[PDB]
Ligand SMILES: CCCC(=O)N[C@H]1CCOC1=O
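Next up: just one chain, as structure tokens, the form deposited without the named molecule.
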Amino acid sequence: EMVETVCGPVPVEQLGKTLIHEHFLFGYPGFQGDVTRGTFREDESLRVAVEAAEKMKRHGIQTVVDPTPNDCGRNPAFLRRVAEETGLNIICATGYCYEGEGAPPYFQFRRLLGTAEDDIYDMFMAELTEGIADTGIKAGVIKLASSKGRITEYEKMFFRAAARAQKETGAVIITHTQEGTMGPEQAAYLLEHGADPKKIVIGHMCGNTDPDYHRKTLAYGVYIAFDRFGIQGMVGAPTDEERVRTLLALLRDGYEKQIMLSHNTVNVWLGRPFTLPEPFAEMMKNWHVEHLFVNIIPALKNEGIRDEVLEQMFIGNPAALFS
């Protein structure tokens, strides 16, 4: 009936139209060491995050899942200030980034101690049921991530702890796949350890342009997310035109009850400000929270996708996922 948000429990039936994957804050691990030249300006960051929440509200969004990993600048008290300023429901996560771009030294060391998987499970349970730090905010999802072409031994510790925690709590699992790989393997691995496919979203599936790969993942009964609309030319990503082509193939095959859409925006960057060089800057110009509603959804409608199917992806699927 309920899901934990940054403002406490909200009835699932009230989530409404939802973006399954956006970041209000995000930092690449190591941003903390650039604090002198990259200090966190709370007021301007809150202003920029509140504006991003406003743009989402302008298109009917009532709920955002922000799955920023623990080691990438997750800040639940900050998310709570965005939610209270805007009325947006925000669901945050507990979990670590994948080994390639995460901060693995700490839990790699706890492997040596022999307690890592159990420590991670303990962290998951505490943040799902008690609260994150002293904020009193519980995560509503477990975030998992794997590397390109491989679910590493480090990553598999988190996958096994997440399956253990889901059995105890019923929590939703959201994943990150790297460069269109390991979607089927992630689903198989979680299910083999007892995870509920109806409570799993395999993320970044738009990174693969082969519908056979998607159908193989969807056969496990899980949700998949085309959650990187607007990201072109970077992190190995395909174009939006390719995303739409792949998505249309699945929707015309009747998979609408298993698909959700998002942008994976980073609305405030942690660390030192930057500007993208001119090759990437142009390719990335549609990477913002209005892109699905101004550009992508109209293109899907012009391809014949009906309102009922869009409502299933944005409203029905997140309601079913969290209940």
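Heads up: residue numbers just count along the shown sequence, starting at 1.
K.L.:
Averaging only over Cα atoms, indicate whether 219-227 or 84-92 has the higher B-factor in the PDB entry.
P.N.:
Comparing averages over the C-alpha atoms only gives 84-92.
K.L.:
Mean C-alpha B-factor higher for 10-18, or for 299-307?
P.N.:
Higher of the two, by average CA B-factor, is 10-18.
K.L.:
Among 211, 131, 73, 105, single out the one with the highest C-alpha B factor in the record, please.
P.N.:
In this record, 211 carries the highest C-alpha B-factor of the candidates.
K.L.:
Select one of 138, 110, 143, 204: the residue whose C-alpha shows the highest B-factor in the crystal structure entry.
P.N.:
Most elevated C-alpha B-factor of the set, per the entry: 110.
K.L.:
Rank-wise, by C-alpha B-factor, drop residue 271 into the lowest, middle or highest third of its chain.
P.N.:
As the PDB entry reports it, the C-alpha B-factor of residue 271 lands in the middle third of its chain.
K.L.:
Considering only modelled residues of the same chain, in which third does the CA B-factor of residue 176 rank: lowest, middle or highest?
P.N.:
Lowest third of the chain for residue 176's C-alpha B-factor.
K.L.:
Where does the C-alpha B-factor of residue 287 rank in its chain, lowest, middle or highest third?
P.N.:
For residue 287, whose C-alpha B-factor we compare with every modelled residue in the chain, the answer is the middle third.
K.L.:
Quick check on the deposited entry: does the C-alpha B-factor of residue 254 sit in the lowest, middle or highest third of its chain?
P.N.:
CA B-factor rank for residue 254: middle third.
K.L.:
Can you tell me which third, lowest, middle or highest, the CA B-factor of residue 64 falls into for its chain?
P.N.:
Middle third.
The same protein also has a form solved in complex with the named molecule, omitted here; what follows describes it.
K.L.:
Using a 2.4 Å cut-off to backbone and C-beta atoms, with three or more ligand atoms needed to call it blocked: open or blocked for the named molecule placed in the deposited complex and overlaid on this form?
P.N.:
In the deposited complex, the named molecule occupies a site that, on this form, remains open once the ligand is superposed onto it.
K.L.:
Report the residue, out of 293, 40, 31, 287, that has at least one non-hydrogen atom within 4.5 angstroms of the named molecule in the deposited complex.
P.N.:
That would be 287.
K.L.:
If the cut-off is 4.5 angstroms on heavy atoms, which of these, 266, 270, 46, 259, is the one near the named molecule in the deposited complex?
P.N.:
Checking each option against the named molecule in the deposited complex, the one that comes within 4.5 Å is 266.
K.L.:
Exactly one stretch in 293-301, 57-65, 32-40, 276-284 has heavy atoms within 4.5 Å of the named molecule in the deposited complex; which is it?
P.N.:
Selected stretch: 276-284.
K.L.:
Looking in the deposited complex, any heavy atom of residue 228 within 4.5 Å of the named molecule?
P.N.:
Output for residue 228 is yes: heavy atoms within 4.5 Å of the named molecule.
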